[PDB]
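# Sequence isn't available, so here's the structure alone:
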């Protein structure tokens, strides 16, 4: 995927939240539900692995972005 | 609420609109989430990511 497409999609996702003036807690409740909705779109035999990779990468990125 | 439901749907509409792949979808959602967590106090980030991940792992099973 082109960095451009990926970047634009992320920004479109964040715009929805900014537009709604949500707090971080609410923003996360919504994104988490969104993610669960997507993972239910992949085969049941790949869901645990996919969620595990998603979370691992997520945590790693979160630890790395502490100033 | 389900002002949550409305928001959740607005988020998924973006992905549908871009005709995205599940993997591309997850890659974008993840980046979105990291961006949000960077908006909370550092002293709370690990706990937040852990609870967020635990939630997903429980809802997938």
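Yep, it's here. Numbers count the residues shown, from 1 in each chain, chains lettered A, B, ... in the order given.
# Name the helix or strand for the nearest residue to residue A:26 once chain neighbours are set aside, please.
Sequence neighbours aside, residue B:4 is the residue nearest to residue A:26 in space, at 7.0 Å (criterion: Cβ to Cβ, 6 or more residues apart in numbering or on different chains). Any C-beta I mention is one placed from the backbone N, CA and C, and that applies to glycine too. Element membership for residue B:4, per DSSP states H and E: helix B:3-17.
# Check what contacts the helix or strand following that helix and list those residues.
Sequence order places helix B:22-37 as the next helix or strand after helix B:3-17, per DSSP H and E. Helix B:22-37 is contacted from outside by A:1, A:5-6, A:9-10, A:13-14, A:17, A:24, A:27-28, A:31-32, A:34-35, A:38-39, A:41-42, A:50, A:54, A:57-58, A:61-62, A:65, B:11, B:15, B:20, B:45, B:48-49, B:52, using Cβ atoms under 8 Å, 6 or more residues apart in numbering or on different chains.
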